[PDB]
>>> print(open('protein_22.cif').read())   # mmCIF, C-alpha atoms and all ligand atoms
data_model
#
loop_
_atom_site.label_atom_id
_atom_site.label_comp_id
_atom_site.auth_asym_id
_atom_site.auth_seq_id
_atom_site.Cartn_x
_atom_site.Cartn_y
_atom_site.Cartn_z
CA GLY W 1 40.77 96.20 -22.14
CA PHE W 2 43.23 94.93 -19.58
CA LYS W 3 46.30 96.08 -21.57
CA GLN W 4 44.92 99.57 -21.98
CA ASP W 5 44.14 99.67 -18.23
CA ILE W 6 47.79 98.98 -17.51
CA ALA W 7 48.64 101.98 -19.69
CA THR W 8 46.04 104.19 -18.04
CA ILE W 9 47.23 103.32 -14.53
CA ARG W 10 50.90 103.72 -15.50
CA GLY W 11 50.25 107.15 -16.98
CA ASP W 12 49.26 108.53 -13.57
CA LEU W 13 50.62 105.76 -11.40
CA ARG W 14 51.05 107.70 -8.10
CA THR W 15 47.50 109.03 -8.27
CA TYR W 16 45.84 105.69 -8.94
CA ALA W 17 48.15 103.90 -6.49
CA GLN W 18 47.21 106.28 -3.63
CA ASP W 19 43.55 106.33 -4.45
CA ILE W 20 43.21 102.56 -4.76
CA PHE W 21 45.34 101.86 -1.66
CA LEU W 22 43.23 104.30 0.35
CA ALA W 23 40.05 102.69 -0.97
CA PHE W 24 41.41 99.31 0.29
CA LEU W 25 42.26 100.62 3.77
CA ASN W 26 39.03 102.48 4.11
CA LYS W 27 36.90 99.49 2.94
CA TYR W 28 38.87 97.09 5.20
CA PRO W 29 40.00 99.13 8.19
CA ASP W 30 41.40 96.06 10.01
CA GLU W 31 44.07 95.94 7.33
CA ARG W 32 45.58 99.23 8.38
CA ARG W 33 47.26 97.41 11.34
CA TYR W 34 49.81 96.06 8.96
CA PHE W 35 50.96 99.63 8.13
CA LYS W 36 51.96 101.04 11.50
CA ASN W 37 52.98 104.44 10.26
CA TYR W 38 49.54 105.04 8.71
CA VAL W 39 47.52 104.53 11.86
CA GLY W 40 45.67 107.67 12.86
CA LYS W 41 46.08 109.49 9.54
CA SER W 42 43.38 110.89 7.22
CA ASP W 43 43.54 110.48 3.40
CA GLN W 44 45.00 113.93 2.90
CA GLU W 45 47.49 113.51 5.77
CA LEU W 46 48.91 110.29 4.23
CA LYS W 47 49.36 112.10 0.98
CA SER W 48 52.24 114.15 2.60
CA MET W 49 54.30 111.32 4.23
CA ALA W 50 57.12 110.49 1.94
CA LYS W 51 56.95 106.77 2.66
CA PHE W 52 53.20 106.75 1.65
CA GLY W 53 53.39 108.01 -1.91
CA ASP W 54 56.72 106.22 -2.44
CA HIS W 55 55.45 102.84 -1.00
CA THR W 56 52.14 102.92 -2.88
CA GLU W 57 53.89 103.79 -6.15
CA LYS W 58 56.35 100.90 -5.63
CA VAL W 59 53.49 98.48 -4.88
CA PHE W 60 51.58 99.47 -7.99
CA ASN W 61 54.67 99.41 -10.16
CA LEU W 62 55.15 95.74 -9.18
CA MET W 63 51.48 95.02 -9.69
CA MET W 64 51.64 96.50 -13.20
CA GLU W 65 54.72 94.48 -14.03
CA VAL W 66 52.91 91.30 -12.86
CA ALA W 67 49.80 92.29 -14.85
CA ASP W 68 51.84 93.03 -17.98
CA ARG W 69 53.71 89.72 -17.79
CA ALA W 70 50.44 87.76 -17.38
CA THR W 71 48.88 85.85 -20.22
CA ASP W 72 45.06 86.16 -20.44
CA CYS W 73 45.02 87.53 -16.87
CA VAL W 74 46.93 84.56 -15.53
CA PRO W 75 50.12 85.62 -13.72
CA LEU W 76 53.47 83.88 -13.93
CA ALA W 77 54.13 81.39 -11.18
CA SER W 78 57.53 83.17 -10.61
CA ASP W 79 55.75 86.50 -9.97
CA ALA W 80 53.39 84.77 -7.48
CA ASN W 81 56.35 83.23 -5.84
CA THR W 82 58.04 86.68 -5.48
CA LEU W 83 54.98 88.05 -3.73
CA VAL W 84 54.76 85.10 -1.31
CA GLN W 85 58.48 85.10 -0.48
CA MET W 86 58.79 88.93 0.21
CA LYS W 87 59.81 89.63 3.83
CA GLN W 88 57.18 92.37 3.93
CA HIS W 89 54.47 89.80 3.16
CA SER W 90 55.55 87.08 5.57
CA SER W 91 52.49 87.34 7.84
CA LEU W 92 49.89 87.64 5.09
CA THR W 93 47.33 85.14 3.82
CA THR W 94 45.45 85.02 0.56
CA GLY W 95 42.43 86.79 2.14
CA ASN W 96 44.54 89.95 2.50
CA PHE W 97 44.99 89.92 -1.30
CA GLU W 98 41.38 89.00 -1.96
CA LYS W 99 40.34 92.10 0.00
CA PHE W 100 42.79 94.23 -1.92
CA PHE W 101 41.34 93.13 -5.24
CA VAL W 102 37.72 93.56 -4.10
CA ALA W 103 38.64 97.16 -3.29
CA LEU W 104 40.48 97.63 -6.61
CA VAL W 105 37.57 96.23 -8.69
CA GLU W 106 35.06 98.35 -6.75
CA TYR W 107 37.20 101.41 -7.40
CA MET W 108 37.28 100.67 -11.11
CA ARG W 109 33.50 100.10 -11.32
CA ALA W 110 32.84 103.40 -9.54
CA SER W 111 35.25 105.30 -11.76
CA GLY W 112 33.79 107.17 -14.73
CA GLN W 113 36.27 105.36 -16.90
CA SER W 114 36.01 102.32 -19.02
CA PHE W 115 38.26 100.09 -17.02
CA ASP W 116 37.94 96.40 -17.80
CA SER W 117 36.76 95.60 -14.28
CA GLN W 118 35.90 92.04 -15.09
CA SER W 119 39.48 91.39 -16.25
CA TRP W 120 40.89 92.82 -13.06
CA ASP W 121 38.53 90.66 -11.03
CA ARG W 122 39.77 87.58 -13.02
CA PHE W 123 43.40 88.66 -12.63
CA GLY W 124 42.96 89.02 -8.87
CA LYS W 125 41.31 85.59 -8.65
CA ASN W 126 44.10 84.01 -10.70
CA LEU W 127 46.74 85.80 -8.61
CA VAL W 128 45.20 84.55 -5.42
CA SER W 129 45.10 81.00 -6.90
CA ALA W 130 48.72 81.36 -7.88
CA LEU W 131 49.68 82.67 -4.39
CA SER W 132 47.95 79.58 -2.88
CA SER W 133 49.65 77.28 -5.49
CA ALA W 134 52.93 78.91 -4.40
CA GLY W 135 52.33 78.17 -0.75
CA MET W 136 50.67 81.16 0.75
CA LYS W 137 48.25 80.16 3.51
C1 LIG V 201 49.23 92.46 -5.72
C2 LIG V 201 49.32 93.08 -4.58
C3 LIG V 201 50.55 93.57 -3.92
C4 LIG V 201 51.74 93.96 -4.42
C5 LIG V 201 52.06 94.00 -5.88
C6 LIG V 201 52.57 94.32 -3.34
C7 LIG V 201 53.90 94.81 -3.49
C8 LIG V 201 54.66 95.29 -2.46
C9 LIG V 201 55.92 95.98 -2.66
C10 LIG V 201 56.61 96.23 -3.99
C11 LIG V 201 56.34 96.41 -1.43
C12 LIG V 201 57.61 97.19 -1.09
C13 LIG V 201 57.31 98.71 -1.03
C14 LIG V 201 58.53 99.48 -0.57
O1 LIG V 201 59.48 98.98 0.05
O2 LIG V 201 58.66 100.67 -0.82
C15 LIG V 201 55.34 95.97 -0.49
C16 LIG V 201 55.46 96.16 0.89
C17 LIG V 201 54.46 95.77 1.81
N1 LIG V 201 53.31 95.10 1.48
FE1 LIG V 201 52.66 94.58 -0.27
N2 LIG V 201 51.93 94.10 -2.15
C18 LIG V 201 50.67 93.74 -2.44
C19 LIG V 201 49.67 93.43 -1.52
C20 LIG V 201 49.74 93.58 -0.13
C21 LIG V 201 48.67 93.40 0.82
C22 LIG V 201 47.30 92.90 0.41
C23 LIG V 201 49.16 93.70 2.01
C24 LIG V 201 48.46 93.67 3.31
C25 LIG V 201 47.21 93.60 3.52
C26 LIG V 201 50.49 94.12 1.88
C27 LIG V 201 51.37 94.49 2.87
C28 LIG V 201 52.63 95.02 2.66
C29 LIG V 201 53.39 95.57 3.80
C30 LIG V 201 52.99 95.58 5.29
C31 LIG V 201 54.52 96.09 3.24
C32 LIG V 201 55.65 96.76 3.95
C33 LIG V 201 55.29 98.07 4.64
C34 LIG V 201 54.90 99.13 3.67
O3 LIG V 201 55.29 98.96 2.49
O4 LIG V 201 54.15 100.11 3.99
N3 LIG V 201 50.83 93.99 0.57
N4 LIG V 201 54.34 95.23 -1.10
#
>>> encode(input="protein_22.cif", output="structure tokens")
Amino acid sequence: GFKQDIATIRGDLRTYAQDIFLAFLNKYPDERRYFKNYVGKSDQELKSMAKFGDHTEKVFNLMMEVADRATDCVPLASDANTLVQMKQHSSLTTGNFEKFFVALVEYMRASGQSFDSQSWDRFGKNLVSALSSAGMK
């Protein structure tokens, strides 16, 4: 289930973080504009820029903390608030996050593994609701 998925992802966090982030960018290429240093780089090229592996790992660490603190895939309003108020997220809207979670859920479905894809889809929906409830446009 969802708790085990947190454990699976944490066990190899940099690998899943890179793969899922790349799946997002490659599914939604317009989103790469927000990540100036990644423009014009292939998957394997990104995998040698220090900021890439370090940024993606930090993003997924936070996402796992938010997931772990959730109750029945509903995140804490304080964790939504943190994500809205981050300087790095100031120009984002909820659609950016919707896209991210579409890519994440698609990744999990395509994986050979028994990820609880439906729980991640619900978590993403509830996080987007919570971002909106916290004032994200
Ligand atoms: C639940 C989803 C997300 C989480 C948990 C998350 C978390 C974070 C964290 C922890 C950082 C700081 C990384 C660092 O300084 O090393 C970060 C930076 C950033 N986030 Fe997010 N974020 C998420 C979704 C998004 C989405 C959907 C976008 C854009 C489409 C985005 C755009 C950025 C940008 C532009 C930065 C700064 C530049 C960079 O880190 O490469 N984030 N985010």
>>> residues_around(input="protein_22.cif", residues="residue 29 (chain W)", least_positions_apart="2", cutoff="12 Å", atoms="all atoms listed in the file", output="list in words")
residues 21, 22, 23, 24, 25, 26, 27, 31, 32, 33, 34, 35, 38, 39, 40, 96, 99, 100 and 103 of chain W
>>> write_last_selection(input="protein_22.cif", atoms="C-alpha atoms", output="mmCIF file, keeping the file's coordinate frame")
data_model
loop_
_atom_site.group_PDB
_atom_site.id
_atom_site.type_symbol
_atom_site.label_atom_id
_atom_site.label_comp_id
_atom_site.auth_asym_id
_atom_site.auth_seq_id
_atom_site.Cartn_x
_atom_site.Cartn_y
_atom_site.Cartn_z
ATOM 1 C CA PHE W 21 45.340 101.860 -1.660
ATOM 2 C CA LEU W 22 43.230 104.300 0.350
ATOM 3 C CA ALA W 23 40.050 102.690 -0.970
ATOM 4 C CA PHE W 24 41.410 99.310 0.290
ATOM 5 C CA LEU W 25 42.260 100.620 3.770
ATOM 6 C CA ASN W 26 39.030 102.480 4.110
ATOM 7 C CA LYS W 27 36.900 99.490 2.940
ATOM 8 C CA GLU W 31 44.070 95.940 7.330
ATOM 9 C CA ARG W 32 45.580 99.230 8.380
ATOM 10 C CA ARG W 33 47.260 97.410 11.340
ATOM 11 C CA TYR W 34 49.810 96.060 8.960
ATOM 12 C CA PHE W 35 50.960 99.630 8.130
ATOM 13 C CA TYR W 38 49.540 105.040 8.710
ATOM 14 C CA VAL W 39 47.520 104.530 11.860
ATOM 15 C CA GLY W 40 45.670 107.670 12.860
ATOM 16 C CA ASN W 96 44.540 89.950 2.500
ATOM 17 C CA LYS W 99 40.340 92.100 0.000
ATOM 18 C CA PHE W 100 42.790 94.230 -1.920
ATOM 19 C CA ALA W 103 38.640 97.160 -3.290
#
>>> residues_near_ligand(input="protein_22.cif", ligand="ligand LIG 201 (chain V)", cutoff="9 Å", atoms="only C-alpha atoms and all ligand atoms", output="MDAnalysis selection string")
chainID W and resid 24:25 31:38 51:52 54:66 80 83 86:101 124 127:128
>>> closest_residue(input="protein_22.cif", among="W:76, W:130, W:28, W:68", to="residue 7 (chain W)", atoms="only C-alpha atoms")
W:68
>>> atom_distance(input="protein_22.cif", atom1="CA of residue 125 (chain W)", atom2="CA of residue 43 (chain W)")
27.7 Å
>>> closest_residue(input="protein_22.cif", among="W:104, W:84, W:6, W:46", to="residue 131 (chain W)", atoms="only C-alpha atoms")
W:84
>>> closest_atom_pairs(input="protein_22.cif", of="region 38-87 of chain W", to="region 117-121 of chain W", cutoff="10 Å", atoms="all atoms listed in the file", output="CSV")
residue,atom,partner,partner_atom,distance
W:67,CA,W:120,CA,9.1
W:72,CA,W:119,CA,8.7
W:73,CA,W:119,CA,6.8
>>> residues_around(input="protein_22.cif", residues="residue 14 (chain W)", least_positions_apart="2", cutoff="7 Å", atoms="all atoms listed in the file", output="list in words")
residues 12, 16, 17, 18, 53 and 57 of chain W
>>> atom_distance(input="protein_22.cif", atom1="CA of residue 49 (chain W)", atom2="CA of residue 13 (chain W)")
17.0 Å
>>> closest_residue(input="protein_22.cif", among="W:135, W:122, W:50, W:106", to="residue 82 (chain W)", atoms="all atoms listed in the file")
W:135
>>> atom_distance(input="protein_22.cif", atom1="CA of residue 47 (chain W)", atom2="CA of residue 30 (chain W)")
20.1 Å
>>> decode(input="protein_22.cif", residues="chain W", atoms="C-alpha atoms", output="short mmCIF file (atom, residue, chain, number, x, y, z; two decimals), in the first residue's frame")
data_model
loop_
_atom_site.label_atom_id
_atom_site.label_comp_id
_atom_site.auth_asym_id
_atom_site.auth_seq_id
_atom_site.Cartn_x
_atom_site.Cartn_y
_atom_site.Cartn_z
CA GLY W 1 0.00 0.00 0.00
CA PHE W 2 0.80 3.67 0.28
CA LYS W 3 2.98 3.23 3.40
CA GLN W 4 5.02 0.50 1.78
CA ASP W 5 5.45 2.70 -1.33
CA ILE W 6 6.97 5.38 0.85
CA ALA W 7 9.45 2.77 2.08
CA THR W 8 10.20 1.51 -1.42
CA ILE W 9 10.84 5.02 -2.76
CA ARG W 10 12.94 5.98 0.28
CA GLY W 11 15.10 2.88 -0.10
CA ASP W 12 16.39 4.09 -3.48
CA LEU W 13 15.29 7.70 -3.27
CA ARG W 14 17.77 9.27 -5.76
CA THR W 15 16.92 6.69 -8.42
CA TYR W 16 13.16 7.06 -8.16
CA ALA W 17 13.43 10.85 -7.78
CA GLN W 18 15.46 11.20 -11.02
CA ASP W 19 13.37 8.76 -12.96
CA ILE W 20 10.03 10.26 -11.93
CA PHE W 21 11.23 13.86 -12.41
CA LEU W 22 12.50 13.00 -15.88
CA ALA W 23 9.21 11.28 -16.69
CA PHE W 24 7.42 14.54 -15.69
CA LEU W 25 9.66 16.77 -17.85
CA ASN W 26 9.52 14.45 -20.78
CA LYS W 27 5.69 14.06 -20.60
CA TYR W 28 5.24 17.85 -20.15
CA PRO W 29 8.12 19.49 -21.98
CA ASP W 30 6.72 23.02 -21.42
CA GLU W 31 7.51 22.53 -17.75
CA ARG W 32 11.23 22.38 -18.35
CA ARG W 33 11.24 26.22 -18.72
CA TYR W 34 11.02 26.50 -15.00
CA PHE W 35 14.40 24.70 -14.64
CA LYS W 36 16.77 26.86 -16.64
CA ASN W 37 19.85 24.79 -16.05
CA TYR W 38 18.19 21.68 -17.49
CA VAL W 39 17.32 23.14 -20.87
CA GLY W 40 19.10 21.33 -23.67
CA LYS W 41 20.14 18.29 -21.64
CA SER W 42 19.37 14.60 -22.27
CA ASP W 43 18.35 12.19 -19.45
CA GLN W 44 21.86 10.84 -19.07
CA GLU W 45 23.43 14.33 -19.22
CA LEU W 46 21.24 15.57 -16.32
CA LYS W 47 22.31 12.60 -14.29
CA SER W 48 25.86 14.15 -14.01
CA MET W 49 24.98 17.75 -12.95
CA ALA W 50 25.35 17.97 -9.25
CA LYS W 51 22.35 20.27 -8.82
CA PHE W 52 20.12 17.68 -10.68
CA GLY W 53 20.53 14.64 -8.47
CA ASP W 54 20.75 16.83 -5.35
CA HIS W 55 17.59 18.91 -6.26
CA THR W 56 15.50 15.89 -7.25
CA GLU W 57 16.49 14.02 -4.08
CA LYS W 58 15.54 17.07 -1.96
CA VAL W 59 12.18 17.38 -3.75
CA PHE W 60 11.34 13.74 -3.20
CA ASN W 61 12.51 13.80 0.39
CA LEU W 62 9.96 16.56 1.06
CA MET W 63 7.30 14.73 -0.89
CA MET W 64 7.88 11.59 1.20
CA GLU W 65 7.71 13.57 4.42
CA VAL W 66 4.37 15.08 3.27
CA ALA W 67 3.12 11.62 2.24
CA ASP W 68 4.18 10.07 5.55
CA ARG W 69 2.51 12.80 7.61
CA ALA W 70 -0.76 12.44 5.65
CA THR W 71 -3.74 10.61 7.05
CA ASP W 72 -5.58 8.38 4.53
CA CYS W 73 -3.76 10.19 1.70
CA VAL W 74 -4.89 13.59 2.90
CA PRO W 75 -1.95 15.93 3.53
CA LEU W 76 -1.62 18.34 6.43
CA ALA W 77 -2.75 21.85 5.70
CA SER W 78 0.65 23.07 7.13
CA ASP W 79 2.55 20.95 4.56
CA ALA W 80 0.37 22.39 1.74
CA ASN W 81 1.03 25.80 3.06
CA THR W 82 4.84 25.18 3.01
CA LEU W 83 4.67 24.18 -0.64
CA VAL W 84 2.62 27.26 -1.62
CA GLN W 85 4.79 29.71 0.34
CA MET W 86 8.23 28.42 -0.98
CA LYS W 87 10.08 31.14 -2.95
CA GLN W 88 10.94 28.51 -5.55
CA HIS W 89 7.22 27.89 -6.16
CA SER W 90 6.06 31.50 -6.31
CA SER W 91 5.09 31.44 -10.01
CA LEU W 92 3.39 28.05 -9.98
CA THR W 93 -0.29 27.12 -10.16
CA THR W 94 -2.06 23.94 -9.19
CA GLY W 95 -1.91 22.65 -12.80
CA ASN W 96 1.88 22.37 -12.49
CA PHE W 97 1.33 19.94 -9.59
CA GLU W 98 -1.49 18.13 -11.33
CA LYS W 99 0.88 17.42 -14.23
CA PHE W 100 3.56 16.24 -11.85
CA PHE W 101 1.21 13.72 -10.27
CA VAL W 102 -0.15 12.49 -13.61
CA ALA W 103 3.45 11.72 -14.54
CA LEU W 104 4.16 10.06 -11.17
CA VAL W 105 1.03 7.85 -11.34
CA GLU W 106 1.81 6.89 -14.95
CA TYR W 107 5.33 5.96 -13.89
CA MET W 108 4.02 3.76 -11.11
CA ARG W 109 1.48 2.01 -13.37
CA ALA W 110 4.20 1.27 -15.95
CA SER W 111 6.60 -0.04 -13.33
CA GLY W 112 6.74 -3.81 -12.81
CA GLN W 113 6.15 -3.18 -9.15
CA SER W 114 3.09 -3.27 -7.04
CA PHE W 115 2.87 0.39 -6.26
CA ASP W 116 -0.48 1.53 -4.92
CA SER W 117 -1.05 3.82 -7.91
CA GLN W 118 -4.59 4.61 -6.96
CA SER W 119 -3.44 5.91 -3.56
CA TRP W 120 -0.87 8.15 -5.17
CA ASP W 121 -3.50 9.48 -7.55
CA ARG W 122 -5.75 10.24 -4.51
CA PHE W 123 -2.84 11.80 -2.60
CA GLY W 124 -2.03 14.04 -5.56
CA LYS W 125 -5.68 15.10 -5.88
CA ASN W 126 -5.89 15.85 -2.16
CA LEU W 127 -2.59 17.74 -2.29
CA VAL W 128 -3.79 19.84 -5.16
CA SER W 129 -7.05 20.53 -3.23
CA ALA W 130 -5.02 21.48 -0.21
CA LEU W 131 -2.72 23.76 -2.30
CA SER W 132 -5.87 25.51 -3.65
CA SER W 133 -7.37 25.68 -0.08
CA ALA W 134 -4.06 27.28 0.96
CA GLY W 135 -4.25 29.91 -1.74
CA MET W 136 -2.38 28.64 -4.71
CA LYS W 137 -3.94 29.87 -7.95
#
